[PDB]
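So the structure is just underneath, and the comments pick up after that.
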Amino acid sequence: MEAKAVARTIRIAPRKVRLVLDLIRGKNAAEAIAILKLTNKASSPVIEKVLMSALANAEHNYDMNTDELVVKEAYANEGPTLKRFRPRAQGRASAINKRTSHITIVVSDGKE
Amino acid sequence: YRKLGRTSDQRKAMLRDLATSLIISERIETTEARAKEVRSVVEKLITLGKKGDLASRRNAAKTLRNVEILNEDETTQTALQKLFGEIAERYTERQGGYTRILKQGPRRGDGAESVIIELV
Amino acid sequence: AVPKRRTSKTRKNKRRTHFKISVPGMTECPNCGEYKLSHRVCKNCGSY
Amino acid sequence: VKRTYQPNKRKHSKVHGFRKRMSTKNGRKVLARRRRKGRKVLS
RNA sequence: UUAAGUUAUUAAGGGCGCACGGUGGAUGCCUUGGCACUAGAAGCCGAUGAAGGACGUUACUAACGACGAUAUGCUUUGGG
RNA sequence: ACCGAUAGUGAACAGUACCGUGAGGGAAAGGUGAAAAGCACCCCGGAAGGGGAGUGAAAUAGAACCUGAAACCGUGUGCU
RNA sequence: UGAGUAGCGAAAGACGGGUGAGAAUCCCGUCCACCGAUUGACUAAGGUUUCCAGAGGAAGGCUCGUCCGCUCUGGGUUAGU
RNA sequence: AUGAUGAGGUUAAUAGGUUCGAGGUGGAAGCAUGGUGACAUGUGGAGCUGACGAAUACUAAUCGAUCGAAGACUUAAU
Ligand SMILES: [Mg+2]
Ligand SMILES: [Mg+2]
Ligand SMILES: [Mg+2]
Ligand SMILES: [Mg+2]
Ligand SMILES: [Mg+2]
Ligand SMILES: [Mg+2]
Ligand SMILES: [Mg+2]
Ligand SMILES: [Mg+2]
Ligand SMILES: [Mg+2]
Ligand SMILES: [Mg+2]
Ligand SMILES: [Mg+2]
Ligand SMILES: [Mg+2]
Ligand SMILES: [Mg+2]
Ligand SMILES: [Mg+2]
Ligand SMILES: [Mg+2]
Ligand SMILES: [Mg+2]
Ligand SMILES: [Mg+2]
Ligand SMILES: [Mg+2]
Ligand SMILES: [Mg+2]
Ligand SMILES: [Mg+2]
Ligand SMILES: [Mg+2]
Ligand SMILES: [Mg+2]
Ligand SMILES: [Mg+2]
Ligand SMILES: [Mg+2]
Ligand SMILES: [Mg+2]
Ligand SMILES: [Mg+2]
Ligand SMILES: [Mg+2]
Ligand SMILES: [Mg+2]
Ligand SMILES: [Mg+2]
Ligand SMILES: [Mg+2]
Ligand SMILES: [Mg+2]
Ligand SMILES: [Mg+2]
């Protein structure tokens with residue numbers, strides 16, 4: 001079948017998380033863990049914590065074989081932003097966006 | 001040679017503080033580019049130890065700091081005596097080398113390539 | 001000094017076609033463990 | 001560079017504050033206008 | 001086999017259409033609050049210390065209401 | 001034959017947050033469900049979040065809780 | 001949108017050990033460096049709990065954060081001169 | 001600038017070190033002697049030396065992984 005796991009309101013901005021997220025889609029799960037431990041972006045241990053959760057759902061809730069699974073989907077949606085300010089010069093301020101993300105990966109065994 | 005992002009007087013001080021603690025502890029952990037430079041400094045300092053006369057004892061004291069080692073069995077020796085006492089014994093047959101560099105991954109706060117340099 | 005027109009969605013997306021990232025080296029720890037980085041030392045989850 | 005509003009505790013209570021408003025007729029007018037808006041702090 | 005000629009195949013990325021999601025809070029439905037008026041009473045208290053406020057009061061207490069060292073209320077007469 | 005939350009009182013939750021030395025100026029912010037029955041228990045995780053299970057007529061009704069448009073951000077794809 | 005662009009607010013750090021899911025950035029130690037008619041020590045205005053202990057890591061901190069002038073709980077100012 | 005370019009990757013002199021040189025500086029430390037002493041002389045063209053030259057596997061360039069063709073049709077000579 002398919003299993004999934006999402007992580008909602010992650011403080012990293014969505015453009016920054018989609019870079020590392022493009023390396024792992026379409027690949028099987030053993031390679032995808034090895035990639036996320038060796039890229040030094042800040043997003044990498046957050047995605048890797050999510051992919052662990054989706055593998056554990058397939059073993060427990062659905063009784064799949066974890067040795068042969070592939071990543072079907074991996075994507076990141078926007079969450080709500082936090083609006084801050086920063087004082088610039090001559091009494092003027094500027095706006096700063098603290099972005100958030102919802103991360104979703106699904107995993108499957110390719111059969112019906 | 002490299003500049004290491006420091007001024008001329010700061011680079012000299014950082015490079016002989018770094019070479020002293022490699023004599024004390026015999027393997028330390030630092031960045032890649034700093035370990036490439038202390039490679040040649042500490043091996044020119046073992047060459048002074050293998051000669052062993054007074055005039056090179058005076059010349060190695062230009063570089064090392066004044067650090068006491070709490071040696072085992074409650075004895076205590078300086079860092080200069082430990083260079084002419086033990087390291088000069090182990091490398092009396094070898095003709096260079098004396099050090100090696102082993103790479104590791106980046107640190108978290110930077111992308112700085114960590115490196116262990118050891119004394120062989 | 002300031003942009004005269006906005007940039008459309010296509011021209012923005014054609015610009016960041018090289019704004020990518022590459023896969024790392026990924027050798028193996030042959031003695032015991034998972035994959036390590038090439039020319040590095042398999043310290044954790046590794047024996048090489 | 002020195003700014004305006006160098007604060008002082010005696011002076012603020014003496015050009016403003018309750019007893020100074022009560023001592024004139026026009027000071028009593030401003031207490032009546034702030035009771036009519038329902039302003040929480042008077043003087 | 002050689003010459004001359006014609007025509008294919010790629011999509012790093014982009015465009016159109018379709019499907020599925022997210023953010024965001026329009027629209028619809030609603031009302032706890034308001035606006036304008038009618039009829040009938042009544043219009044302004046105070047040195048016997050006012051209007052308006054400050055401090056406090058609940059077993060556990062931050063704000064609002066009520067109350068005042070008899071303090072999150074007391075007595076009596078009638079309802080229930 | 002007045003308004004229905006950008007309306008109608010500035011104010012449906014305030015002359016308060018806030019600004020000003022001061023007179024003074026002055027906001028924003030409504031809606032789970034019939035009933036709280038408001039997710040026992042298991043699994044990943046340091047937690048936050050989530051997948052199952054269960055309540056319920058309905059949980060893409062889970063408290064940032066009716067309906068959920070558009071801008072905008074993404075993932076797949078048929079023709080190019 | 002500009003755009004992963006400008007900027008991240010004068011200055012010298014290095015190593016070891018520890019704690020922790022996690023450490024350039026927290027604690028301990030050694031060396032090094034800066035001020036020193038002052039980056040030292042007192043007292044006034046002014047501000048009003050920012051003081052101390054223990055616990056914490058959503059927001060704040062121009063990075064990180066196991067830390068904090070931040071959050072929670074509880075404590076603390078004593079005069080005949 | 002980055003990237004590209006070029007020299008090399010153990011069947012190896014790519015870099016570092018070690019040894020020997022070039023060139024630069026100009027007579028080390030210690031000891032002895034003379035001098036009241038400041039100092040001078042000898043040991044000794046000494047000692048020190050970044051980038052330059054040659055030799056030497058002492059240290060490190062490990063193990064590995066990825067991409068990459070399978071000669072279309074028509075006609076005329078052969
Ligand atoms: Mg964060
Ligand atoms: Mg200013
Ligand atoms: Mg100087
Ligand atoms: Mg793109
Ligand atoms: Mg593509
Ligand atoms: Mg009357
Ligand atoms: Mg009764
Ligand atoms: Mg209104
Ligand atoms: Mg509405
Ligand atoms: Mg004020
Ligand atoms: Mg309003
Ligand atoms: Mg939970
Ligand atoms: Mg629905
Ligand atoms: Mg919403
Ligand atoms: Mg309804
Ligand atoms: Mg809704
Ligand atoms: Mg860039
Ligand atoms: Mg530009
Ligand atoms: Mg630029
Ligand atoms: Mg910059
Ligand atoms: Mg700074
Ligand atoms: Mg440390
Ligand atoms: Mg310290
Ligand atoms: Mg000084
Ligand atoms: Mg001070
Ligand atoms: Mg005071
Ligand atoms: Mg404190
Ligand atoms: Mg503490
Ligand atoms: Mg934090
Ligand atoms: Mg932060
Ligand atoms: Mg902890
Ligand atoms: Mg505090």
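Order of the sequence lines fixes the chain letters, A, B, ..., with proteins taken first and strands second; residue numbering starts at 1 for each chain.
- A:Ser44 places a side-chain N or O within donor-acceptor distance of the main-chain N or O of A:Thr39, the cut-off being under 3.5 Å.
- Within a heavy-atom distance below 4.0 Å of RNA chain G, the residues of residues 2-28 of chain D found are D:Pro7, D:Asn8, D:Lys9.
- Distance from the side chain of C:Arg15 is smallest for G:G4 among the nucleotides G:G4, E:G15, F:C73.
- Across all strands, A:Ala3 comes closer than 4.0 Å to no nucleic acid atom at all (heavy-atom distances).
- Across the P atoms, F:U80 and E:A11 are found 13 Å apart, a figure rounded to whole Å.
- Side-chain proximity of A:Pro80 to F:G24, F:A64, G:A14: nearest is F:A64.
- Toward the 5′ end of RNA chain G lies the nearest nucleotide of A:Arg88, the other residue of the pair B:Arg6 and A:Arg88 mapping further downstream.
- In a base pair of the Watson-Crick type (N1 to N3 plus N6-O4 or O6-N4) or a G-U wobble (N1-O2 and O6-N3), with each distance short of 3.5 Å, E:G73 is matched with no nucleotide.
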Using a 3.5 Å limit on both pairing distances, list the dot-bracket string of RNA chain G from the 5' end; Watson-Crick and G-U wobble pairs count, crossing pairs take [ ], interstrand pairs take |. ............((((((.......))))))...................((((((...((.....)).))))))......

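- Under the 4.0 Å criterion applied to side-chain N and carboxylate O atoms, B:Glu26 and B:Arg90 are assigned as salt-bridge partners.
- Both conditions, centre separation below 5.5 angstrom and plane angle below 30 degrees, hold for the six-membered rings of F:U21 and F:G22.
- With both atom-pair distances required to fall under 3.5 Å, no Watson-Crick or G-U wobble pair links E:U77 to E:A50.
- Checking side-chain atoms of B:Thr7 against main-chain N and O of B:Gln10 turns up no donor-acceptor pair under 3.5 Å.
- Going from atom CG of A:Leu82 over to atom P of G:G61 covers 12 Å, rounded to whole Å.
- D:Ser13 places no side-chain N or O within donor-acceptor distance of the main-chain N or O of D:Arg10, the cut-off being under 3.5 Å.
- Neighbours E:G49 and E:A50 form no stacked pair of bases, judged on six-membered rings against the 5.5 Å and 30° limits.
- Here the nucleotide nearest the side chain of D:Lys37, chosen from F:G26, F:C72, G:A14, is F:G26.
- E:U76 and E:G25 make neither a Watson-Crick nor a G-U wobble pair with both donor-acceptor distances under 3.5 Å.
- Comparing H:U18, E:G13, F:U16 against the side chain of C:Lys14 picks out E:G13 as the nearest.
- Contact annotation for A:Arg8: backbone-only contact, meaning every heavy-atom pair under 4.0 Å involves sugar-phosphate atoms and none involves a base.
- F:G15 sits 12 Å from F:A11 when the P atoms are compared, rounded to a whole Å.
- The side chain of B:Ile28 approaches G:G16 more closely than any other nucleotide in the set F:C42, H:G17, G:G16.
- Residue C:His39 has its side chain nearest to H:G9 when only G:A3, H:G9, F:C44 are considered.
- One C1' atom belongs to G:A37, the other to G:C31, and the distance between them is 32 Å to the nearest Å.
- Nucleotide F:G78 is matched to E:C16 when pairs are restricted to Watson-Crick or G-U wobble geometry with both distances under 3.5 angstrom.
- If you take atom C1' in F:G45 and the same atom in F:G68, they sit 33 Å apart, rounded to whole Å.
- Shown here, H:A40 forms a base pair with H:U33; the pair counts as Watson-Crick or G-U wobble because both key distances fall under 3.5 Å.
- With rounding to the nearest 0.5 angstrom, the CE atom of A:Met64 is 6.0 Å from the CE atom of A:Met1.
- Remark: H:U75 does not pair with H:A12, failing the Watson-Crick or G-U wobble criterion at under 3.5 Å for both atom pairs.
- At a threshold of 4.0 angstrom between heavy atoms, the contacts of A:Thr9 with the nucleic acid are absent.
- With F:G24, H:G50, F:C44 as the choices, the nucleotide that has an atom nearest any side-chain atom of B:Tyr1 turns out to be H:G50.
- Within the 4.0 angstrom heavy-atom criterion, only backbone atoms of the sugar-phosphate kind lie near B:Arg39; the bases stay farther away.
- Comparing C:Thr7 and A:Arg86 against RNA chain G, the residue whose closest nucleotide sits nearer the 5' end is C:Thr7.
- Base pairing of F:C2: its partner is E:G34, meeting the Watson-Crick or G-U wobble criterion (both donor-acceptor distances under 3.5 Å).
- Within the 4.0 Å cut-off from OP1 or OP2 of H:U18, not a single side-chain nitrogen or oxygen of B:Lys50 is found.
- Classification of the F:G50/F:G51 step: stacked, the six-membered rings being closer than 5.5 Å at their centres and less than 30° apart in plane orientation.
- Across all strands shown, F:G8 has no partner, as no Watson-Crick or G-U wobble contact with both distances under 3.5 Å is found.
- For the adjacent pair G:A44 and G:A45, the base rings count as stacked: centre distance under 5.5 Å, plane angle under 30°.
- When every heavy atom of A:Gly26 is checked against every heavy atom of A:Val70, the shortest pair comes out as O-CG2, 3.9 Å.
- Distance D:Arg36 CZ to E:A51 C1': 14 Å, rounded to the nearest Å.
- Looking at heavy-atom distances under 4.0 Å, A:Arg18 makes contact with sugar-phosphate atoms alone, never a base.
- For the consecutive nucleotides G:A37 and G:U38, the six-membered rings of the bases fall outside the stacking limits of 5.5 Å between centres and 30° between planes.
- Note on A:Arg25 versus A:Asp22: salt bridge recorded, some NZ/NE/NH1/NH2 to OD/OE distance being below 4.0 Å.
- The local environment of NZ in A:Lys4 is sparse, with at most 12 non-hydrogen atoms from other residues, nucleotides or ligands closer than 6.0 Å.
- The base of E:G21 lies close enough to the side chain of A:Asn77 for a donor and an acceptor atom to sit less than 3.5 Å apart.
- D:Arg35 places its CZ atom 13 Å from the P atom of F:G24, with the value rounded to the nearest Å.
- Checking F:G49, F:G52, E:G21 against the side-chain heavy atoms of A:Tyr62 singles out F:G52 as nearest.
- When the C1' atom is used for both F:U16 and E:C74, the distance is 37 Å, rounded to whole Å.
- Nearest to the side-chain atoms of B:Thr30 among the listed nucleotides G:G13, H:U18, G:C15 stands G:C15.
- Separating the P atom of E:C37 from that of E:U48 is a span of 45 Å, rounded to the nearest Å.
- Defined by atom type and a distance below 3.5 Å, a donor-acceptor pair is present between the side-chain atoms of B:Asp53 and B:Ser56.
- The side chain of A:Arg25 sits closest to F:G76 out of G:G4, F:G76, G:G2.
- Look at the P atom in both F:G30 and F:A14: the space between them is 14 Å, to the nearest Å.
- Between D:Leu42 atom CG and E:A51 atom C1' the separation is 12 Å, expressed in whole Å.
- To the nearest 0.5 Å, atoms CD (A:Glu78) and OG1 (A:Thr100) are separated by 8.5 Å.
- The separation of F:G50 from E:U23, taken at their P atoms, amounts to 12 Å, rounded to a whole angstrom.
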Between N or O atoms, less than 3.5 Å apart, protein on one side and nucleotides 21-25 of chain G on the other: list the pairs.
unit_1, atom_1, unit_2, atom_2, d
G:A24, OP1, B:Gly109, N, 3.3
G:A24, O4', B:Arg107, NH1, 3.1
G:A24, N7, B:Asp110, OD1, 3.0
G:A24, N7, B:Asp110, OD2, 3.4

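- Put simply, the side chain of C:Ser38 never gets that close to the backbone of C:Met26: no donor and acceptor are under 3.5 Å apart.
- With both hydrogen-bonding distances under 3.5 Å, E:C67 and E:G56 qualify as a Watson-Crick or G-U wobble pair.
- Counting non-hydrogen atoms under 4.0 angstrom, B:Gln95 reaches a base of the nucleic acid.
- No hydrogens or angles were tested; on distance alone, a donor-acceptor pair under 3.5 Å links the side chain of A:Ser53 to the base of F:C44.
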